[PDB]
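Topology and contacts: notes
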Amino acid sequence: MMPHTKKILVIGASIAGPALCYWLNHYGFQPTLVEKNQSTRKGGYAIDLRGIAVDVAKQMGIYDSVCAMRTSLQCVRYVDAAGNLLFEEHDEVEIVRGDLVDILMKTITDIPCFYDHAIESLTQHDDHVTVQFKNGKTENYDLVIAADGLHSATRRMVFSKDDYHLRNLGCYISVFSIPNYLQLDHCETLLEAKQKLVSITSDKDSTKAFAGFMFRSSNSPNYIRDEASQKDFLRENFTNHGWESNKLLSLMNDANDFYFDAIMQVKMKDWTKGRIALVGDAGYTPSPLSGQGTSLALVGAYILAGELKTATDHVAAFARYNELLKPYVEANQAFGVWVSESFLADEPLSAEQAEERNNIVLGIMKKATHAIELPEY
C-alpha cells in the first residue's frame, strides 16, 4: 500500500523476528534478518501457543509442523519432600523453543539472513535509518525493527531511559541439563513447597533430563549477571529443600547449558520511535511465569506487519500497532504478575487441591489469552 517503505531490517532470530520476516515478505516488503550470535537458539525449554497465536500459526501454515514436533510427556508426578507420590497427571500446543525457531526459519529460506552481525550504531534520518554493524558494514533501511529479546541491545541504543523500564517480579527461574539418573521415561516429577518449585523432566531423549527451579525471593545473587554467583544463589535457596534438590545442585556444575534469570517484564508507553520499532520480548516481555511470551511474540509480529501493509505510512502503522496490541500486552503482563505473587504453594498440594488451583489458573489465564481478537488484513 504505502510506497518508499519496502526495505526493512529485522534484528534477532528467535520467534518474533522470523515470524515478522515471513509476513513482511508475504505482503511485498523486502526484509533482511540479522542475528548477533553465530546461530539460532538450539533446543531450549518448552513453550506454548495459545489462543489467537494458534490462528497466527495456522495462517502461517506451520501449525501441522508444530504438532509434529510437540512435547510427548506421558505423565507429571507431584511428590513430597520424602519423595512419596502425591498424585499423577497422565487447539493449543506445547513445543520446545528451539524446535519452533527451526520451524519458523524454514518458512523464510528466501529471506537474506546474516549471523554474527552485531550492531554498532543506529542513526535515524528523516527518510531512513543508517545501521553500522560491528563488522564494519554500513547500510540504509527504510525501517528497522528490533526482535532481539528481553535484554535487547537495540532498545537501550534507540530509546531513552525515560521511555522504558524493566519490572522485576521478585521471582527467579533456572534450568540446566543433567544426566537422567532417575531414568525417568517421558515424565516430569516436581516438588512444590515453601514458595519454591523443583522439577526433573525427561521427554524425547531418555539419556537426557532437565532440572528446573522456580522460586520467589526478595534477595538477589551477589552478582546477578555472573554464572558462578547465580549458582551460589541457587545453592543457598535449595540446599536441604527436599526430594532431589541437593543431588541436582551437585550436578549443576557439569551442566554446560546453565540458564538463570530474574523474572522481569518490559514496560514501555510506546514500542516505536521514528522509523524504529520493537516487537516481541524486546518491547513487552510478559516473562516466563505468564507462559504467554511466545504467543505475544507471534501476534505482535502478525499485527505490526498487517498494519504496515494497511497504513498510508509507517507513522500511522506504528500508532495502530501500539493501540491494537496494548490490551493484549497489558492482560498478559497482569497474568505474569498474578502468577509471581499468588501461584507457588507453601506446602505440597493434595490431588484435590492441585485440581482446584489448576481450574483457577485456567480461568485467570483465559482473561489474557482471549483479551483481544485477531485483526484481519
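The rules behind these values
Residues numbered from 1 in each chain as written, not as in the entry; some residues may be left out. Heavy atoms only, no water. Helix = DSSP H or I, 4+ residues; strand = E, 2+ residues; numbered from the N terminus. Rg over C-alpha atoms; globule rule 2.2 N^0.38 Å. Buried < 20%, exposed > 50% of the residue type's maximum accessible area, 1.4 Å probe, protein only. Areas by Shrake-Rupley, 256 points an atom, 1.4 Å probe, with all protein chains shown as cover. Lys, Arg positive; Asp, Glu negative; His and termini not counted. Charge placed at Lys NZ, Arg CZ, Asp CG, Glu CD. Pairing = 2+ DSSP bridges. Axes fitted to C-alpha atoms, helices over the stretch in contact; angles between N-to-C directions. Contact = heavy atoms within 4.5 Å. Parallel < 35°, antiparallel > 145°, perpendicular 65-115°, else oblique. Left-handed = near helix turned anticlockwise from the far one by under 90°. Nonpolar A, V, L, I, M, F, W, Y, C, P; charged D, E, K, R; others polar. Salt bridge = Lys/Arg side-chain N within 4 Å of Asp/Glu carboxyl O. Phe/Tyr/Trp six-rings, centres within 6.5 Å; stacked < 30°, edge-to-face > 60°. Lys NZ or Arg CZ within 6 Å of the ring centre and 35° of its normal.

As recorded in the PDB header, X-ray crystallography is the method behind this entry, and the stated resolution is 2.000 Å.

Tallying secondary structure elements over the chain gives 11 helices and 18 strands in all. Its C-alpha atoms give the chain a radius of gyration of 21 Å, within 12% of the compact-globule value 21 Å for 377 residues. Across the 377 residues of the chain, 54% fall into the buried class. Accessible surface, the chain: about 17600 Å² in total, of which carbon and sulfur atoms supply 47%. Here the chain contributes 36 positively and 49 negatively charged side chains, and the mean placements of these two sets differ by 4 Å.

Here we take up the sheet that holds strand β14 (residues 196-202). An order of β5-β4-β13-β14-β15-β12-β16 is seen for the seven strands of this open sheet, with the pairing classed as mixed. Because the sheet does not close on itself, it has two edges, and the strands there are β5 (85-89) and β16 (259-268). Shown here is a sheet whose adjacent strand axes are inclined to one another by a mean of 20°, direction ignored. Strand direction decides the pairing type here: strand β13 (residues 187-193) and β14, joined by seven bridges, are antiparallel. Following the sheet pairing, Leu191 is matched in β14 by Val198. Each of β12 (164-179), β14, β15 (208-216) and β16 touches helix α6 (residues 227-238); the most contacted strand, β15, lies at about 75° to it.

Take the packing of helix α9 (residues 293-310) against helix α10 (residues 314-342) next. Two elements in contact, α9 and α10, have axes whose closest approach is 8 Å; the angle formed by their N-to-C orientations is 155°. For the element pair α9 / α10, the angle class is roughly antiparallel. Like other packed secondary-structure pairs, α9 and α10 cross with a definite hand, here right-handed. Residues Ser295, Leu296, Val299, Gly300, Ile303, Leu304, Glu307 and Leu308 of α9 touch α10, and the partners they reach there are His314, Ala317, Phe318, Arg320, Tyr321, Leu324, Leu325, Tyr328, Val329 and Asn332. A class-by-class count of the residues in the contact of α9 with α10 yields 12 nonpolar, four polar and two charged.

Right, let's talk about the pattern of salt bridges for a bit. Enumeration over the complete set of coordinates arrives at 11 salt bridges. With its nearest N and O atoms 3.0 Å apart, the salt bridge here joins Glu227 to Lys231. Taken as a pair, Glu227 and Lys231 lie in helix α6 at a separation of four residues, close to a single helical turn. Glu227 sits in the partly exposed class, given a relative accessible area of 41%. Its relative accessible area of 7% is what places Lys231 among the buried residues. The partner of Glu323 in a salt bridge is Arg320, with the nearest N and O atoms 3.2 Å apart. Residue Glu323 and its partner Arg320 are located together in helix α10, separated by three residues, close to a single helical turn. Taken together, the shared-partner salt bridges connect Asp48, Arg50 and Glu92 into one network.

Take the packing of aromatic side chains next. On inspection of all chains with the given rule, the structure shows 17 aromatic pairs. Here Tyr172 and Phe215 contribute two aromatic rings whose centre-to-centre distance is 5.5 Å and whose plane-to-plane angle is 25°, an arrangement assigned as stacked. Taken together, the residues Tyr172 in strand β12 and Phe215 in strand β15 connect sequence positions 43 residues apart. The class of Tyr172 is buried, set by a relative accessible area of 4%. For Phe215, a relative accessible area of 0% translates into the label buried. The structure contains a cluster of three or more aromatic residues connected by ring pairs, namely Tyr172, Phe176, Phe213, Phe215, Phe233, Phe238, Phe258 and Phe260. The positively charged end of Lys58 is found above the aromatic ring belonging to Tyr63, 5.2 Å away from the centroid. Positioned over the ring face of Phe114 is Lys137, at 4.2 Å from the centre of the ring.

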